[PDB]
Amino acid sequence: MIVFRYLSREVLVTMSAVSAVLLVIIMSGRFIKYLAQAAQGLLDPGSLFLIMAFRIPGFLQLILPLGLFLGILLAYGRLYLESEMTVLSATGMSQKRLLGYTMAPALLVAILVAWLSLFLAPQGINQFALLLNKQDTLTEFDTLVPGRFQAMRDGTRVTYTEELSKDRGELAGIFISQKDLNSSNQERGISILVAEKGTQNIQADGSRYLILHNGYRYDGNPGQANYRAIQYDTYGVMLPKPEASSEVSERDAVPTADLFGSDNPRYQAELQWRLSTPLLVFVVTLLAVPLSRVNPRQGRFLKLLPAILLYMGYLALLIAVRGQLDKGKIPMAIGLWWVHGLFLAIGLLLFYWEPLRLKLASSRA
Amino acid sequence: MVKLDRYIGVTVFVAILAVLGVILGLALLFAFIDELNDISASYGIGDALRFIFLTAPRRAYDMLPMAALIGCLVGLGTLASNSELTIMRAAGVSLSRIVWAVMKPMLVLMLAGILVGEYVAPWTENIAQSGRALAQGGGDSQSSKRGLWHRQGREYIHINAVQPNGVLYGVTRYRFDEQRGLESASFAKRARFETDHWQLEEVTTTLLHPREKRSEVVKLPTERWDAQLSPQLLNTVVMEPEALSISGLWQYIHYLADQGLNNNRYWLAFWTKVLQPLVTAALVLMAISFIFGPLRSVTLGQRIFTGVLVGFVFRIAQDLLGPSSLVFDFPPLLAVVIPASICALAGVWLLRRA
Amino acid sequence: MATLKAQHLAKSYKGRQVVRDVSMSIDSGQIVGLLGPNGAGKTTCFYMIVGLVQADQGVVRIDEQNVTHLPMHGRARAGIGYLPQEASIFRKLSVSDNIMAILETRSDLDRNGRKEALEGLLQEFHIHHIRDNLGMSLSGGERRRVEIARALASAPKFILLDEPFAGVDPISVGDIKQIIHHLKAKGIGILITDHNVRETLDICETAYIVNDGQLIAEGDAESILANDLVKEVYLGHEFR
Amino acid sequence: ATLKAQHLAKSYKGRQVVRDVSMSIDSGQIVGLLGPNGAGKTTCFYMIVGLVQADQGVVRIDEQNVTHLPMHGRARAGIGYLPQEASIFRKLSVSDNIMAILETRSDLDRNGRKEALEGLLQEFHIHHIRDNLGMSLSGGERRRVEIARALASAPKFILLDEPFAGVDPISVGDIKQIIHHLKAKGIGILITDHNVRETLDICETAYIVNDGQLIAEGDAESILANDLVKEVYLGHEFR
Ligand SMILES: CCCCCCCCCCCCCCCCCC(=O)OC[C@H](COP(=O)(O)OCCN)OC(=O)CCCCCCCCCCCCCCCCC
């Protein structure tokens, strides 16, 4: 009961330090991405310490399992190098007992990760989306440049104005090409709403509010002779910020209570994804105890980068399987539990390698 | 001092080559995994593999300084942990001579880096990007994300793909009249540059007289185009500013300066590509200071971990200070000089402390 | 009265053969030394007895109970202790906690039994005056005494010391020899391997010389120092 | 020549390790540096070598004062050094091992370097292993090649660090033979080691350092009869 709270203190302290460093690095990378986007002109520099503040729970929920993995590796490597566990084993301590000692901090980490996954990351993502969409820090239409075109997604929508003025009114021409990605063969969905005057307005009720002062709308695809001419005024079209919708979807912000009774495959796949991040905690706890056996020649730091690569592969495989799930291909009965079982089996292979070798040698003689 | 120089140089060179190989392999694997997301019918597995393998020299040239730093750390720590540098110092060989011995291969390495980044990386990068665009872009008038848009007097052109040898794909022209009516909307499969002539082969224009009549689709077999789009300029705009050669970057910076646009994004690329030797020299100097100081007895894994962490921090700072120069008001030169400057300062400090 | 018998041990690293048919035997209350040239199979034999190296041939049994295939904790539960060469004290645990962390795992002791055992181990080894200092603030002698008391806390039948007279002052070997004599008086079959031939042969009442992976000699100090083969391959002709 | 360390001192964090230790190694003299492990003996050895910056005192090699010169400056002044661990150039052959240091010497030309290499190979009986890589050498051959390489730089004093460390009683004869061969050349060997008996045997004068102070000096007989030494370091039962 003394070794228990000795190992559980070492592991927790090392995990805290590693998690802090990893969080700093990940936040820095996301900040370089958002700063480059703001440099391009599609963001408000003032609204940058809330975008990063509302994304911390997701980074923490993705980092804490890796923090525990590396903390277990470092702490138990230190104990192995200092001849401190050879005297625990030479007095009676098993390796299943070591696993049982290690599974106590893993429970606290799993509880923290489960809370972050099921009740705090959805709220943070919801608030982040609320800000970036509703509060319209500055829309892309407030960054127009005369003579230069502007596009979105796969060039599906290209907005351009010939004249740019401080009053933002009576613009020479609004060349907008709102194209449907799929609208069947006969109609390509590509339409041009060009007006003699640019009617930029308050843009408050429906986010970016845009209407044509005079109106000249054509739905005729250039390939065929079918021309759809609407020379009347074009009705108000509501433009959302592509950045907010591109990275954050509705599935990442719905409350967890709405996923239990849902039938939409996306919601069920998201629920299965949420109840997995606590599970990597136990999986990597089982994967880490056998791997932390080191020699003074190897040291603690030799197998940290391979562990990071293994964890990243785990996460990538989980994300890919979730995509194949909510796309309707993989049946929802099996889910991501087969990936979880694959990595659990890898961990069990690592754990029982030495007992298997000893039992094989015993029967050989 | 010939045998010692060759010994140290060979060790450092081999370590740097191995580290560069491993880093490039990891980068290529990550790039392929990311590119798998945009798989499609027109863009197959073979096309993605070809693009990934064709953008190898660009990644190698970009990641050369990190390979130099980590390889110098590993190779010099191999000698330091074996007490083979204490013997050199106790035989009368100073620290400056060891630094120069390590630095001699670095000159040839950075010369090769400059040569590749000016002659080989732009060529293969242009070949690769053009290919991905041709594959992912032959569908229709507005299909690809890698397209280009331009404005004439009243015409509006959208080129789906821009290929090196003055040939475009999916050229679409909208010719509005004075009353903003669609006088003619056309789509052409290909084009060819012949001085002032652009030949829009396979052009199917759909002109419309707005005097209450139907649009007449006309199948012209070949059309002349009075385009003011020079292919040499076209290849530059569709390419990232960091994927251009040093000479091409210089020419485009001056061309942008003449008209009056903002070339501060291209000055950063010019400084990054030109001042690379100084950055690698500062990184290897700090690695040498690390070996002679804190890490003269630690194991190989700790040296690799420290090198990776320092490289990550250096790249994060470099990428943070790039857009910061454009959003704020300070020259882009300080976005390249500062990190290498403090790295050299720390290396000199730790070397002076012996 | 126990007996730790190693019979026909053999081990082959790479394709070469390091150890070849080395047979040992340590009784209870007996001090045995395992000496030999550095390149020979002395350390390999010691580790194969300890459990850190798996013997290819041969068996290791204590009182008609094969422990050759058991892991290190299996041997430890069978009654075979082990004390590593370097410092192996719990750095952040007090001296009393060092012994109590091992006393708490004994299934034949209750709370009162653990209390009395800790008191006895503290008084017997004269470490009671430092029963609250952290293990990282102990000198060499106190550290060694605390390590030996911690090893005894698990009640072993045999203790295998690995280089006890390693990097210690001539005054410090007196404390180590006193501790070893105390262990022999308690009834524990110590086995020592060391580079220091003089003090090992002084303290040990029986020695085994292993050269070229074979047992080339056996006997007390007088028989070892009067052997032509040992004086030829190990000690030279000018030893003492 | 004569190497003098005077009034040496060195204080680590907070505490003091070495306080006013003074030695003197002549030419053709074998001198030991013994004492308890904790005391400032290794620190004094390293401060003489040049691996630790002395806070006070002066290290003078003959007339020159080299207390401020770095390790390579001291080595150019004529102070050798042989580390305890293996320090042979692993990927270089034995002849290349000696030659890589012979090329450093500036007073030798090509023919002189060749003749010196041949003499060094013949003198230490390594002429039959001159084409073996440094990583494929046994302990005795490796130590002989290391000593030859140390001599290749033409030093005046060689400061051996733990020569009799973890070696068989057979090999101490070879080590003593090499040390006496070096002394016969005119080199002021200085040995610090844990092995008290062997060091007191081979040496001619000993320096005991306890609690950062020189508590005894002189030949082996006077060292073994000293009461203070017999009470702090050796013990009353030591021979
Ligand atoms: C279209 C182009 C496509 C390019 C794709 C390239 C993909 C490469 C990915 C695989 C590379 C893995 C290599 C990892 C090897 C690590 C293993 C190791 O320890 O190697 C050590 C090895 C020993 O060398 P040895 O001969 O023993 O040296 C002593 C001799 N005096 O040391 C070695 O010398 C072996 C390692 C050599 C690695 C060479 C590869 C890196 C250099 C190329 C960089 C990329 C540049 C491409 C374009 C260049 C144009 C000029």
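Residues numbered from 1 in each chain as written, not as in the entry; some residues may be left out. Chains lettered and ligands numbered in written order. Heavy atoms only, no water.

Structure determination for the deposited model, as stated in its record, used cryo-EM, and the stated resolution is 3.26 Å.

A few words now on the overall build of chain B. Regarding its fold elements, chain B presents 13 helices and 10 strands. Expressed along its principal axes, the backbone C-alpha trace of chain B runs to roughly 95 × 45 × 30 Å. Here chain B holds 354 residues, and 50% of them are scored as buried. Sequence separation of at least 24 residues holds for 58% of the intrachain contacts in chain B that already meet a minimum separation of 6. Per element, the accessible surface of chain B, about 16500 Å² overall, is 62% carbon and sulfur. Charged side chains in chain B number 31 positive and 27 negative. The centres of these two groups are separated by 10 Å. (Helix = DSSP H or I, 4+ residues; strand = E, 2+ residues; numbered from the N terminus. Buried < 20%, exposed > 50% of the residue type's maximum accessible area, 1.4 Å probe, protein only. Contact = heavy atoms within 4.5 Å. Areas by Shrake-Rupley, 256 points an atom, 1.4 Å probe, with all protein chains shown as cover. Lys, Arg positive; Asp, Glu negative; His and termini not counted. Charge placed at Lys NZ, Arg CZ, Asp CG, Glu CD.)

Residues and elements named next belong to chain B. Neighbouring residues of the ligand: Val14, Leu17, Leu20, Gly21, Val22, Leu24, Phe53, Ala56, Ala60 and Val116. In the complex, the protein chains occlude 38% of the 1200 Å² of accessible area that the ligand would expose alone. If you list the elements that add at least two residues to the shell around the ligand, you get α1 (3-35) and α3 (56-62). With 6 residues, the single largest contributor to the shell around the ligand is α1. Grouping the constituent residues of the shell around the ligand by class yields 9 nonpolar, 1 polar and no charged. (Near = heavy atom within 4 Å. Nonpolar A, V, L, I, M, F, W, Y, C, P; charged D, E, K, R; others polar.)

Let us now look at the UniProt feature "transmembrane region" (unreviewed entry) in chain B. All names here are of chain B. When the UniProt feature table is mapped onto this chain numbering, "transmembrane region" (unreviewed entry) sits at residues 7-33, 63-82, 94-116, 274-292, 304-321 and 333-351. Note that residues 94-116 is 96% helix and 0% strand, and that its end C-alpha atoms are spaced 34 Å apart. Secondary structure across residues 333-351 divides into 95% helix and 0% strand, with the first and last C-alpha atoms of the span separated by 27 Å. (UniProt positions renumbered as here; feature names shortened; annotations may be inferred.)

Attention now moves to the interface of chain A and chain B. Many authors give the size of an interface as the accessible area that is lost as the parts come together. The interface is formed by 44 residues belonging to chain A together with 42 residues belonging to chain B. Taken together, both faces of the contact between chain A and chain B bury some 3700 Å²; the carbon and sulfur share is 71%. On inspection of chain A and its partner chain B, the count reaches 2 salt bridges. There are 9 residue pairs in polar contact connecting chain A and chain B. Where the side of chain A that touches chain B is concerned, the elements lending two or more residues are α1 (2-40), β2 (157-161), β3 (174-178) and α9 (305-326) of chain A. With 9 residues, the top contributor of residues to the side of chain A that touches chain B is α1 of chain A. (Buried area = accessible area lost by both parts, 1.4 Å probe. Salt bridge = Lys/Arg side-chain N within 4 Å of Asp/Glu carboxyl O. Polar contact = N/O pair within 3.5 Å; in protein donor to acceptor, adjacent residues only side chain to side chain.)

Residue and element names in this part refer to chain A. Counting across every chain of the model gives 29 aromatic pairs over all chains. Relative to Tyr160, the ring of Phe149 has its centre 4.7 Å away and its plane inclined at 35°; by these criteria the two rings are tilted. Of this pair, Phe149 sits in the loop between α4 (96-134) and β1 (150-152) while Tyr160 is found in strand β2, placing the two residues 11 residues apart along the sequence. For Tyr160, a relative accessible area of 2% corresponds to the buried category. (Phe/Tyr/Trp six-rings, centres within 6.5 Å; stacked < 30°, edge-to-face > 60°.)

With that settled, consider the sheet that holds strand β1 (residues 3-11) of chain C. Whenever strands of a sheet pair, they do so through backbone hydrogen bonds, lying parallel or antiparallel. All names here are of chain C. Overall, antiparallel pairing links the 3 strands, which are arranged β2-β1-β4 in an open sheet. Of all strands in the sheet, those bounded by a partner on one side alone are β2 (19-27) and β4 (57-62). Strand-to-strand twist in this sheet, taken as the mean axis angle between neighbours without regard to direction, amounts to 10°. Inspection of the sheet shows β1 paired to β4 by 5 bridges, in the antiparallel sense. Bridging across to β4, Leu4 finds its partner in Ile62. Helix α1 (residues 42-50) rests against β1, β2 and β4 of the sheet, and its axis sits at about 125° to β1. (Pairing = 2+ DSSP bridges. Axes fitted to C-alpha atoms, helices over the stretch in contact; angles between N-to-C directions.)

This part takes up the UniProt feature "transmembrane region" (unreviewed entry) in chain A. Residue and element names in this part refer to chain A. According to UniProt, the "transmembrane region" (unreviewed entry) feature falls on residues 12-32, 52-77, 98-121, 271-289, 301-321 and 333-353. Annotated as 100% helix and 0% strand, the span residues 12-32 places its first and last C-alpha atoms 30 Å apart. The annotated region residues 333-353 carries 76% helix and 0% strand content, and the separation between its end C-alpha atoms amounts to 32 Å.

Residue and element names in this part refer to chain A. On domain assignment, one finds that chain A holds domain 1 (2-136 + 248-359) and domain 2 (140-240). Domain 1 and domain 2 are separated by 45 Å when their C-alpha centres are compared. Contact residues are listed per partner, giving 4 residues for domain 1 and 5 residues for domain 2. The junction of domain 1 with domain 2 conceals about 280 Å² of combined surface from both sides, 46% of it contributed by carbon and sulfur atoms. Of all residues in domain 1, the largest losses of buried area upon contact with domain 2 belong to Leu42, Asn133 and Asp136, amounting jointly to 76% of the total for that side. In this assembly, domain 1 and domain 2 are joined by 0 salt bridges. Counting every contact that joins domain 1 to domain 2 gives 0 residue pairs in polar contact. Per-class residue counts for the side of domain 1 that touches domain 2 are 1 nonpolar, 2 polar and 1 charged. (Domains from an automatic or database assignment.)

Time to look at the arrangement of the chains. There are 4 pairs of chains in contact here, and the one with the most contacts is chains A and B. Across all C-alpha pairs, the smallest distance from chain B to chain C is 18 Å, and the two are not in contact. The two units chain A and chain D remain apart, with a minimum C-alpha distance of 15 Å.

Looking now at the interface of chain B and chain D. Between chain B and chain D, the residue contacts involve 18 residues of the former and 24 residues of the latter. Together, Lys3, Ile87 and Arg89 of chain B form the three largest contributors to the area buried by chain B at its contact with chain D, with a combined 32%. Counting every contact that joins chain B to chain D gives 2 salt bridges. Across the pair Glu84 of chain B and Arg90 of chain D runs a salt bridge, and its minimum N-O distance is 4.0 Å. Here chain B is connected to chain D by 4 residue pairs in polar contact. Among the secondary structure elements, those contributing two or more residues to the side of chain B that touches chain D are α1 and α5 (84-90) of chain B. Looking at the side of chain B that touches chain D, the element that brings in the most residues is α5 of chain B, giving 6 residues. A breakdown of the residues in the side of chain B that touches chain D according to their chemical character gives 10 nonpolar, 5 polar and 3 charged.

Attention now goes to the packing of α1 of chain A against helix α2 (residues 56-81) of chain A. All names here are of chain A. Two elements in contact, α1 and α2, have axes separated by 6 Å at closest approach and are oriented at 135°. The angle between the axes of α1 and α2 places the two elements in the oblique class. In this structure, α1 crosses over α2, and the sense of that crossing is right-handed. (Parallel < 35°, antiparallel > 145°, perpendicular 65-115°, else oblique. Left-handed = near helix turned anticlockwise from the far one by under 90°.)

Residues and elements named next belong to chain D. Read across the sheet, 4 strands follow the order β2-β1-β4-β5 without closing on themselves; strand pairing throughout is antiparallel. Of all the strands in the sheet, just β2 (18-25) and β5 (64-65) have a single pairing partner and so form its edges. In the sheet, strand β1 (residues 3-10) pairs with β2 via 6 bridges, with the strands oriented antiparallel. Bridge pairing in β2 places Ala9 opposite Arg19. Seen against the sheet, helix α1 (residues 42-49) touches β1, β2 and β4 (56-61) and runs at an angle of roughly 125° to β1.

Applying the stated criterion across every chain yields a total of 47 salt bridges over all chains. The partner of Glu196 of chain A in a salt bridge is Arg180 of chain B, and the shortest N-O contact between them spans 3.7 Å. Here the residue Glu196 of chain A occupies a position in the loop between β4 (191-193) and β5 (198-200), and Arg180 of chain B occupies one in the loop between β4 (167-176) and β5 (182-190), the pair thus bridging two chains. Overall, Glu196 of chain A belongs to the partly exposed group, its relative accessible area being 28%.

Turning next to the nonpolar core. Formed by 112 residues in total, the largest nonpolar core has its most connected members in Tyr76 of chain A together with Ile99, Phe125 and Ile180 of chain C. Broken down by element, the residue count for this core peaks at 14 residues, all from α2 of chain A. With residues near it in sequence (within four places) discarded, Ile99 of chain C still touches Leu118, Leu121, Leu122, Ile127, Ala149, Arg150 and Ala153 of chain C. Membership of the second largest hydrophobic core comes to 99 residues, among which are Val12 and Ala48 of chain B together with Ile101 and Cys203 of chain D. (Core = buried A, V, L, I, M, F, W, Y, C linked by side-chain atoms within 4.5 Å.)

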